[PDB]
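What follows is each chain in one-letter form.
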Amino acid sequence: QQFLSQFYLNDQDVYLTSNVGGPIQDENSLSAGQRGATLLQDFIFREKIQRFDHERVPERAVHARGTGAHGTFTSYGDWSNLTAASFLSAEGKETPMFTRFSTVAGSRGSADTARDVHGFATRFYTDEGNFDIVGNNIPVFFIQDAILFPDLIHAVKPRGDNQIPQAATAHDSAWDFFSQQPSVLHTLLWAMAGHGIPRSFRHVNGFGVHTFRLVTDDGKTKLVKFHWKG
Amino acid sequence: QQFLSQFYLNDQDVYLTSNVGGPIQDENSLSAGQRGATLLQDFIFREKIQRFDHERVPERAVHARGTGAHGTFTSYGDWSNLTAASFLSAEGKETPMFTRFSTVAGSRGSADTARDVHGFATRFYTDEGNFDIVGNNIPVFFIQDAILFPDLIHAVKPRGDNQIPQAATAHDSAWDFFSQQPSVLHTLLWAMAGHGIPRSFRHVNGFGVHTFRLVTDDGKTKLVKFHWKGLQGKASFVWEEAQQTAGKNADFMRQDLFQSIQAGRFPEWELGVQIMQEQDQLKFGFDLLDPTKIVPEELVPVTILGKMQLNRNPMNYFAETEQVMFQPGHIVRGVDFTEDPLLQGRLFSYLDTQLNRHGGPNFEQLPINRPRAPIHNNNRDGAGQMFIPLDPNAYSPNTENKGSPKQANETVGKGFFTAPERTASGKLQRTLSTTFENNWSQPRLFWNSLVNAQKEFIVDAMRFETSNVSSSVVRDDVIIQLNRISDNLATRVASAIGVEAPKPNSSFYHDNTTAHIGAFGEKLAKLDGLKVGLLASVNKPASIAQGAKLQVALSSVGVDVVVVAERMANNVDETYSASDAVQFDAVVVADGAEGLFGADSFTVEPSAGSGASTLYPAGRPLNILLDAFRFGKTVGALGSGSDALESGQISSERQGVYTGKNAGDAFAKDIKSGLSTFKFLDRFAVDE
Amino acid sequence: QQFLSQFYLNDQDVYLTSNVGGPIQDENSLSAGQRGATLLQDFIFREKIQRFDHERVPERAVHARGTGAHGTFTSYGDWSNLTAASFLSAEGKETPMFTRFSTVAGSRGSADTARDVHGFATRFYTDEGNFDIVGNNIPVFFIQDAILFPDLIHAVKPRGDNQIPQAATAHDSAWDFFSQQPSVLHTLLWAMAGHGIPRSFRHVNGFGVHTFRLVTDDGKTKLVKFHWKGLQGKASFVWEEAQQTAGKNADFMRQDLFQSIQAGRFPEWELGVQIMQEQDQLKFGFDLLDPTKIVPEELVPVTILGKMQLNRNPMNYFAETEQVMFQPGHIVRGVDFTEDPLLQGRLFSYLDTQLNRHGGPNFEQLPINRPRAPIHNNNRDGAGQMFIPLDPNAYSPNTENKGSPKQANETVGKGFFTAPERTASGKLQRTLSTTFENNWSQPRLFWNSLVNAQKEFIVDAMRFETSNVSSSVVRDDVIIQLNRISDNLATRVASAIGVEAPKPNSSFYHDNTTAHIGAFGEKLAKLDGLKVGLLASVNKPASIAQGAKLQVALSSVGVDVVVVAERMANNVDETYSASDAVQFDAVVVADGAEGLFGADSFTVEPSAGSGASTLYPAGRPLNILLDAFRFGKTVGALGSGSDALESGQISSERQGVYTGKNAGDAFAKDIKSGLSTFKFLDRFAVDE
Ligand code: HDD
Ligand code: HDD
Ligand code: HDD
Ligand SMILES: *[C@@H]1O[C@H](CO[C@@H]2O[C@H](CO)[C@@H](O)[C@H](O)[C@H]2NC(C)=O)[C@@H](O)[C@H](O)[C@H]1NC(C)=O
Ligand SMILES: *[C@@H]1O[C@H](CO)[C@@H](O)[C@H](O)[C@H]1NC(C)=O
Ligand SMILES: *[C@@H]1O[C@H](CO)[C@@H](O)[C@H](O)[C@H]1NC(C)=O
Ligand SMILES: *[C@@H]1O[C@H](CO)[C@@H](O)[C@H](O)[C@H]1NC(C)=O
Ligand SMILES: *[C@@H]1O[C@H](CO)[C@@H](O)[C@H](O)[C@H]1NC(C)=O
Ligand SMILES: *[C@@H]1O[C@H](CO)[C@@H](O)[C@H](O)[C@H]1NC(C)=O
Ligand SMILES: *[C@@H]1O[C@H](CO)[C@@H](O)[C@H](O)[C@H]1NC(C)=O
Ligand SMILES: [Ca+2]
Ligand SMILES: [Ca+2]
Ligand SMILES: [Ca+2]
Ligand SMILES: [Ca+2]
Ligand SMILES: [Ca+2]
Ligand SMILES: [O]
Ligand SMILES: [O]
Ligand SMILES: [O]
């Protein structure tokens, strides 16, 4: 935890300060007398409220609703005859990880247990760079070309006029798209089976979905599918 | 709609183009051969995906979950002896509006029917500028100084470590804050009464909360509270029903509004003011600058100014509803502020926060934010500058542009002006006014004024909520604060949560009341948009036919009949699988459907010989009927449909349970009576 | 102008308002009493100051310093057998244009007359989409792969530690990069010849630089170089005169363009193409995909397609010029890309960078970026969404919107299409093409083709620049690379900078030339907007009168006479204090003014008894004349005004020095002859 701990702020038994280290109080606005108007020169009020006013950032365009945890990866072998990937270079080799699980369609306050495909995004903080396998709990995806992504997502997400319905495929546009673009059918069956409504993030598998290459230092390749077997 | 239609993009029967008008196709990436890598020179791909990648904007910091509609205001009078406001200058004068309703705490995509305070934000596009009354459905707010807003909101919103729980006060921090800051108690009681879980946005009132000033052209002022008096009638849920609605339809209230407008059932509110004098700030026994205090209508009546009707849904939710940027600083000549420290700091926040949302300074140039009145000033540039100023000399005083734009003030040009007799006096200080210190008498006033069931609903809300508070210190501190309102309230809550019954503290106890202040106790004024679920069967076609018959008897009051059956046969509106009691204001068993309601239907083993339906979960028809009864809804049965009531152990002898021979006028009359009552309160136990 | 006029704000004779149309005053903050603190509730103060505080947007990452003008393109033919581009579909067809000229390295306040490559960016608002040719005044670029752009620009721009020097290549890093990456040498020679320091934006040509494809409706292609052939004529400064102009008028070239247009002296360029076959890519001894290579006009002539005229200045610089966002990816049906790795990567950069400048995705909605053709697509939302899409079903394929918008491709809807015979072949790789490796033959071509004076200008520029390079290693590396172009060039430069004279390295030496490639050596085509400064005296009224007389004889060719005198008397245009040689294309001493030009005037002690003027610095009149002479300008004197030439040791026997009896036609004819020559090159020493 050593790395992230450098950025921790411990606020046990300390005096309040501004963001530039001036001790302050923050419970009453500065007023012209006891029942007076608030003064512009109250920098304490304004720095506090400006931070508040700007707390939010755009939700992710997809997978807005999700949950993260830290962990570790341990390699079971020296995989150098299959791949040059350093995090796989030795039996026992440990690499820190961060993983986020998610739904897809819902905004960031929508219910965990919406029916949906689920994200399964795993970062390895390897000693030769961050490596992310940005996967899902289903091994196949709805569409065959990235250029179609806005079509799929606009159809699944809420209607453009009224933003109904939240986190759901149970509406005309979604099924219009599925029927017009039958590539969708494999993932649709997975998501409408139990995989759409898992009991917990611990009770699913993960998948990279795409075929990738593993490459050795001398340029030899294999084609692979990545799996996370729970 | 003249104004906004200039920005409409009509995509009926047209060819696809880029954002710079180049016709394009957008279904296959450009590749090096049939199974090749995608090329960087594919600008069509990149422009499409770049727009997609950047669709989102920050949700509002509070009131993120909400829904909007267009409408119009009509003045009832020439109010010039009260206010110089142009939109109020003549009887029959009309002004366009846009209104957004909301919760407070939950993020985008959180359930409409979370328990919360609700936003009720109304823009008037006046001919002398945009005027916003950024109100709520509760007349009092939690805190007395805007500087405390981050404290309140951080305590109510999810924990900082794990972001749990969504859209809820049922956690330690919220109740820690409420008990540590007892100013919160008045709003807390409102929200934990029916006002926190309204049936629809059409079935609430609105409030400006703060005392404002009205000011005439000659500088004369009155202090006022702004009101929006709803013409449909207050209607609210019980908690277990609001929870179930959150699970079945997160969009329930937004959908109600959208559908009602599409159906021509336009909801209305009357704009009112409680008119007071400058000398009334402390005379009532509480401070008019204190946003935790109501002015009871027994002390100051509501003077009705005019009417709002909401009558058009947005064409594009993002462009219109998501991007609308309300501000209390959107004020017009004839209105002014007061020294309420909550209002005072709001003024700063709502100008600043739009920089976060829009990403730059030109947010007033968005179509939904633009005025319907000329703009002439020396403001310039900024990202996203959509206008092209012709004046190259953007300063005053100038001769190079002949002294224009010209200064407007009280005497020339119809300028805004601060009420001229307002004064300041005293030492500059950061202090809590001693006039703000009674945090408990008005909560008690509210509590005293409720029907027994709604007192119980508050107790049961608090019991539910505080049972989820892990800290014993917090639980005890909550009871100590509640006891200062009422020893009865405190005792009743304490008994669920393992806290010793408190001894009375008579400091703030009193028996005064104010009329009709709760969400419960009055009949609805209008039945528009309410729904009757008719539970029918495809195996008895006559049962389905009762829908249209019943509908003919209910259409004149704006009530819809929804026919529910096992599958989508002719004249069926929904399937049992797709249905739930929470969809329906009344539930009626159709004549001939009774066979679907057997008491063994929840648990019978669905063997191949059992006859168990695969078209819906085991017990679904009877679950809908029983949930409707338990939630307090109007329940009925036609003909032999009454056998289903017997299966459910529901007697028609109970209030709000109706039987009839057939779907004609006699039965419809009784269902209308039930719907007007809305909820049958005798189905809820009350402490003794 | 109809299209942009919809966004104009006219602020003549109107009252001031807020950005939401409330009339206001904006000259005093709201205070607690006459001498009190400012109040937070002053929304007028805060909206005004917030707009101010947020006026700025990021400068362009390159080409930050620039100037724009509106105009029109007219096609000279129906070019359909060469290209499907609609703006070229018919003789006479007009398309609106916006053009921005710029330097490259300097930030947005740096001097116009910095030595640099200049941008020449032309937008056609075509009826089938915006088409941008984002070019420069030099036909070749420094680097061969877009991935190198940050290397080139980081080396040329100011040092990372101290941000010195501004808008200049005269520092170690720049010359380190040029010598390490000899692809740079062709553009370097162009920029260190006159092309780096042009007299005005009207006195340069433009170039697309890259090879592009033109494509007919049936898929046939040609390879082309785009040209903008200016109709005024190439005209350039010497370095010392560009420096002086930077000190006296940082806006000199921006001012020139604005004034010329306001005068009706509209500058023109003809659009042309060098038309080549696909099979010509490696036929000519260099690779058409290599952007460091020209196609000599002796090998492929320029075919002229039509004409651009610039004829209207912006109404608001920020809204129009600062916010225009060009992109090579703004391409239309009938044009396609090539595999030039510089072009390839540009396509990514110009879409991406507008996110930085605009702060969000909807930059194509700014008025100046909008097309003059329909827009219909399924792109949605994003901050700053100015449109309201009516289609709630924004996906393909759809039935809910009846299959609209419809795909457009080669055969329906006039879609863009990639030229269909283009192929890819080979291993995926990060490599430099071997066809790109001759960095030196074409710089030698360019060098061979210059008049001797312009060779000397290149030498003298490089001596100036490299004398400012501290690193001995860099200086030596520069000389080694120059020497591969020409031993003469390298030797001449080395002698200024303490580097040993190099021995010849003859691999790339040759004697070929291409015609009229430099900035110097041809007479101007038009004299429009050139200025004659007439140096007169208020003490001799007849000297001032020569102004109007001379003007009458020069108006017909678009040349202005500016009368300079001691103070602003009748018919005086500028004071001596306010004047400099760099303002004038020709300088003439008026008859009667000679008394101001004494040879002792720089150093005379200005005591009470001396008669030294306080109206201008000591020696200013003679300084203007001497600078004009030394800079190569036309100089003249009328009548006894010729005494001033004597004082300045300027003989009328020299070329470009003219004496006249009076300000009549004969003298006017000599001044026109001088202006046409523009610079007198015999005043510059040349190596032997
Ligand atoms: C071309 C568009 C596109 C396409 C075809 C996909 N994604 Fe995606 N995805 C995005 C564009 C995108 C994104 C818009 O770039 C997001 C939103 C937030 C982010 O960081 O990336 C994202 C987020 C995102 C996340 C959330 C990561 C997190 O927890 O922060 C996951 C797990 C995936 N994607 C998984 C996938 C899978 C397994 C795909 C198909 C095999 C897929 N996406 C296709
Ligand atoms: C000082 C901070 C502060 C305080 C004390 C309040 N608000 Fe607030 N409110 C904001 C700061 C804010 C904000 C952060 O500025 C928001 C978020 C989005 C926005 O535009 O303003 C906002 C949004 C917001 C909205 C949503 C408008 C919409 O639909 O877009 C409503 C209805 C209210 N508020 C109502 C109130 C009421 C009636 C208040 C007490 C009487 C109140 N707020 C106090
Ligand atoms: C891969 C990076 C890259 C490369 C190799 C080039 N450019 Fe560039 N250029 C940009 C990246 C860029 C940019 C960072 O995207 C700019 C900054 C502002 C903008 O809109 O685009 C830009 C601006 C810009 C402008 C200013 C347009 C305006 O007036 O607003 C011109 C005229 C050019 N470029 C011309 C060229 C020429 C003729 C190039 C070589 C043949 C060239 N650029 C290569
Ligand atoms: C350009 O677009 C048309 C699209 O035409 C569709 O083609 C398929 C196959 O014939 C057919 O199923 C559709 O019904 C056709 N019509 C429409 C309106 O969709 C393609 O046919 C062309 O081949 C495309 N390609 C080129 C090179 O123009
Ligand atoms: C890799 O391959 C070679 C040959 O098969 C062998 O010597 C060695 O055991 C392998 N190494 C690893 C890392 O397993
Ligand atoms: C305002 O007051 C005056 C005096 O009471 C009265 O004459 C007039 O009718 C009033 N104006 C309006 C618009 O009611
Ligand atoms: C209002 O402004 C006018 C016109 O500028 C000014 O002359 C007049 O004195 C002002 N009056 C007040 C009330 O300040
Ligand atoms: C009701 O309020 C009045 C107003 O202050 C107060 O004086 C009175 O004592 C109260 N009566 C009761 C029953 O509490
Ligand atoms: C194009 O080509 C054909 C054949 O050369 C000819 O009929 C016609 O004149 C040409 N058209 C144009 C537009 O010049
Ligand atoms: C120079 O030009 C001649 C044309 O006569 C050509 O044959 C030759 O290849 C060119 N040489 C070089 C080195 O560019
Ligand atoms: Ca205070
Ligand atoms: Ca009954
Ligand atoms: Ca390459
Ligand atoms: Ca000098
Ligand atoms: Ca001469
Ligand atoms: O995704
Ligand atoms: O709020
Ligand atoms: O550039």
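Residues numbered from 1 in each chain as written, not as in the entry; some residues may be left out. Chains lettered and ligands numbered in written order. Part of a larger assembly, values for the part shown. Heavy atoms only, no water.

Engineer: Just checking my understanding: could you explain the overall build of chain A for this structure?
Structural biologist: When its secondary structure is counted, chain A shows five helices and seven strands. The N-to-C order of helical and strand elements in chain A reads α-β-α-β-β-β-β-α-α-α-β-β. Computed over the C-alpha atoms, the radius of gyration of chain A is 24 Å, more than 25% above the 17 Å expected from 2.2 N^0.38 for a compact globule of 230 residues. Along the first, second and third principal axes, the C-alpha set of chain A runs to 75 × 50 × 30 Å. For chain A, the residues scored as buried account for 46% of the 230 residues in total. (Helix = DSSP H or I, 4+ residues; strand = E, 2+ residues; numbered from the N terminus. Rg over C-alpha atoms; globule rule 2.2 N^0.38 Å. Buried < 20%, exposed > 50% of the residue type's maximum accessible area, 1.4 Å probe, protein only.)

Engineer: Explanation requested: the relation of the copies chain B and chain C in the structure shown.
Structural biologist: Related by rotation about an axis and a shift along that axis, the two copies of the chain form a pair. Of the transformation superimposing chain B on chain C, the axial component is 0.0 Å and the angular component is 180 degrees, with the fit at an RMSD of 0.1 Å. Here the two chains are linked by the operation of a two-fold rotation axis. No C-alpha of chain B approaches the rotation axis more nearly than that of B:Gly359, which lies at 3.2 Å. Take the interface residues of chain B: 100% of them recur as interface residues in chain C, which is what a same-surface contact looks like. (Least-squares fit on C-alpha atoms. Contact = heavy atoms within 4.5 Å.)

Engineer: Explanation requested: the site of ligand 9 in the structure shown.
Structural biologist: Residues and elements named next belong to chain C. Around ligand 9 sit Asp78, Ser80 and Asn81, and those are all the residues in its vicinity. The side chain of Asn81 places a nitrogen or oxygen atom 2.3 Å from an oxygen atom of ligand 9. Contact with the protein chains removes 28% of the 360 Å² of surface that ligand 9 exposes when unbound. (Near = heavy atom within 4 Å. Polar contact = N/O pair within 3.5 Å; in protein donor to acceptor, adjacent residues only side chain to side chain. Areas by Shrake-Rupley, 256 points an atom, 1.4 Å probe, with all protein chains shown as cover.)

Engineer: Even after reading the chapter, I still don't get the site of ligand 6, so can you show me in this structure?
Structural biologist: As a structural note, the neighbourhood of ligand 6 is formed by B:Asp78, B:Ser80 and B:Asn81. Within the side chain of B:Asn81, one N or O atom sits 2.4 Å away from an oxygen atom of ligand 6.

Engineer: Explanation requested: the domain arrangement of chain B in the structure shown.
Structural biologist: Interface size, as often reported, equals the accessible area lost upon joining of the parts. All names here are of chain B. Each assigned domain of chain B is listed with its residue range as follows: domain 1 (1-428), domain 2 (429-526) and domain 3 (527-688). Taking the mean C-alpha position of each, domain 1 and domain 3 sit 40 Å from one another. The partner domain 3 presents 18 residues to the 14 residues of domain 1 that form the contact. Summed over both sides, the interface between domain 1 and domain 3 buries roughly 1400 Å², with carbon and sulfur atoms accounting for 51% of that surface. Considering only the side of domain 1, the residues that lose the most area to domain 3 are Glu241, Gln244 and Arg265, jointly responsible for 40% of the buried surface there. Across the contact surface, domain 1 and domain 3 share five salt bridges. Taking the shortest distance from any N to any O, the salt bridge between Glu241 and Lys679 comes out at 2.8 Å. Counting across the domain 1 and domain 3 interface gives eight residue pairs in polar contact. Here the side of domain 1 that touches domain 3 is composed, by residue class, of four nonpolar, four polar and six charged. (Domains from an automatic or database assignment. Buried area = accessible area lost by both parts, 1.4 Å probe. Salt bridge = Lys/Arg side-chain N within 4 Å of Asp/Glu carboxyl O. Nonpolar A, V, L, I, M, F, W, Y, C, P; charged D, E, K, R; others polar.)

Engineer: Explanation requested: the sheet that holds strand β17 (residues 634-638) of chain B in the structure shown.
Structural biologist: Within a beta sheet, neighbouring strands are joined by backbone hydrogen bonds and run either parallel or antiparallel to one another. Residues and elements named next belong to chain B. Within the open sheet, the six strands sit side by side as β15-β14-β13-β16-β17-β18. Their pairing is parallel. The open sheet has two edge strands, β15 (574-575) and β18 (657-660), and neither has a second partner. One ladder, built from two bridges, connects strand β14 (residues 560-565) with β15; its direction is parallel. In the sheet register, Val564 faces β15, and the bridge partner there is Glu574. The strands touched by helix α17 (residues 665-677) within the sheet are β13 (531-535), β16 (586-589), β17 and β18, with β18 carrying the most contacts at an inclination of about 170 degrees. (Pairing = 2+ DSSP bridges. Axes fitted to C-alpha atoms, helices over the stretch in contact; angles between N-to-C directions.)

Engineer: For this particular structure, what's the right way to read the packing of aromatic side chains?
Structural biologist: Each aromatic ring pair is summarised here by two numbers: the centre-to-centre distance and the angle between the ring planes. Tallied over the full model, the rule gives 82 aromatic pairs over all chains. Their ring planes at 75 degrees and their centres at 5.6 Å tell us that C:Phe141 and C:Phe142 sit as a pair that is edge-to-face. A residue is classified by how much of its surface remains accessible, and C:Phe141, at 11% relative accessible area, is buried. Counting every residue linked through ring pairs, the aromatic cluster contains B:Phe73, B:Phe87, B:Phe101, B:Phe120, B:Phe124, B:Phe131, B:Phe201, B:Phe212, B:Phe226, B:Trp228 and B:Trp269. Geometry around C:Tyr125 places C:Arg372 over its ring, the cationic atom sitting 4.2 Å from the centre. (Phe/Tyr/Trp six-rings, centres within 6.5 Å; stacked < 30°, edge-to-face > 60°. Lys NZ or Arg CZ within 6 Å of the ring centre and 35° of its normal.)

Engineer: I would appreciate a short explanation of the coordination of the iron atom of ligand 3 in the present structure.
Structural biologist: Reference values for coordination geometry: four tetrahedral donors around a metal ideally subtend 109.5 degrees, six octahedral donors ideally subtend 90 or 180 degrees. All names here are of chain C. If you check the protein contacts of the iron atom of ligand 3, you find one donor only, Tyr350 (OH), at 2.0 Å. Here the iron atom of ligand 3 is ringed by six donor atoms whose angles at the metal span 86 to 176 degrees, and the overall shape comes out octahedral. Relative to the elements of secondary structure, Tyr350 occurs in helix α9 (residues 341-358). (Donors = N, O, S within 2.8 Å, 3.2 Å for Na, K, Ca; no water. Tetrahedral: all angles 85-135°; square planar, octahedral: opposite > 155°, others 65-115°.)

Engineer: Can you help me understand helix α11 (residues 452-467) of chain B in this one?
Structural biologist: Given 3.6 residues to a turn, an α-helix orients residues that are three or four positions apart in the same direction. Residues and elements named next belong to chain B. If you check α11, its first and last C-alpha atoms are 22 Å apart, about what 16 residues at 1.5 Å a residue would give, namely 22 Å. With 12 of 16 residues buried, α11 lies mostly within the body of the structure. Looking at the buried residues of α11, the elements they touch are α4 (172-180), α5 (185-192), α10 (441-448), α12 (472-485) and α13 (487-494). (Expected span 1.5 Å × (residues − 1).)

Engineer: Just checking my understanding: could you explain the nonpolar core for this structure?
Structural biologist: Most often, soluble globular proteins have nonpolar side chains that are buried together. By size, the foremost hydrophobic cluster in this structure holds 61 residues, and its most contacted members are B:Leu152, B:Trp175, B:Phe178, B:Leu482 and B:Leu489. When residues of this core are assigned to their parent elements, the largest contribution, six residues, is made by α5(B). (Core = buried A, V, L, I, M, F, W, Y, C linked by side-chain atoms within 4.5 Å.)

Engineer: Help me understand the interface of chain B and chain C, please; the structure alone is not making it clear to me.
Structural biologist: Each partner contributes to the interface: chain B provides 105 residues, whereas chain C provides 105 residues. Around 9900 Å² of area is buried between chain B and chain C when both sides are counted, 57% of it from carbon and sulfur atoms. At the boundary of chain B with chain C, the tally comes to two salt bridges. C:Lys406 is paired through a salt bridge with B:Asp13; the nearest N and O atoms lie 3.4 Å apart. Where the side of chain B that touches chain C is concerned, the elements lending two or more residues are β1 (8-9), α2 (43-53), β5 (129-136), α8 (317-322), α9 (341-358) and β11 (388-389) of chain B. Broken down by element, the side of chain B that touches chain C gets its largest block of residues, eight residues, from α9(B). Residue composition of the side of chain B that touches chain C, grouped by class: 45 nonpolar, 38 polar and 22 charged.

Engineer: It is not clear to me how the pairing of strand β3 (residues 94-102) of chain C should be interpreted in this structure. Could you clarify?
Structural biologist: The side chains of a regular strand alternate, first on one face of the sheet and then on the other. Residues and elements named next belong to chain C. When you tally the buried positions in β3, you get seven out of nine residues, the bulk of the element. Inspection of the sheet shows strand β2 (residues 66-75) paired to β3 by nine bridges, in the antiparallel sense. Bridged to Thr67 within β3 is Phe101. With six bridges joining them, β3 and strand β4 (residues 119-126) adopt antiparallel strand pairing. Each residue of the ladder has a partner; that of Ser102, found in β4, is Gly119.

Engineer: When you look at the sheet that holds strand β17 (residues 657-660) of chain C in this model, what are you seeing that I'm missing?
Structural biologist: Residues and elements named next belong to chain C. Spatially, the six strands line up as an open sheet ordered β14-β13-β12-β15-β16-β17, and their pairing is parallel. Each edge of the sheet is formed by a strand with only one pairing partner; in this case those strands are β14 (574-575) and β17. Strands β12 (531-535), β13 (560-565) and β16 (634-638) of the sheet are contacted by helix α14 (residues 541-554), whose axis makes an angle of about 170 degrees with β13.

Engineer: I keep staring at the interface of chain C and chain A and nothing clicks. Help me out?
Structural biologist: Listed per partner, the contact involves 18 residues of chain C and 20 residues of chain A. Taken as a group, C:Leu40, C:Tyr395 and C:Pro397 account for 37% of the area that chain C buries against chain A, more than any other trio of residues on that side. Scanning the region where chain C abuts chain A turns up zero salt bridges. The interface formed by chain C and chain A contains nine residue pairs in polar contact.

Engineer: Help me understand unusual backbone geometry, please; the structure alone is not making it clear to me.
Structural biologist: Apart from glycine, the bulk of residues carry a negative phi angle, and the bulk of peptide bonds sit in the trans form. In this structure, the amide linkage connecting B:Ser396 to the following residue, B:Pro397, adopts the cis form with an omega of -10 degrees. Of note, B:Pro397 is situated in the loop between β11 and β12 (428-429). Residue C:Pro405 is reached from C:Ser404 by a cis peptide bond, and omega for that bond is -5 degrees. Its location among the elements puts C:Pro405 in the loop between β11 (388-389) and α10 (441-448). Its identity as a non-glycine residue notwithstanding, B:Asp13 has a phi of 50 degrees, on the positive side.

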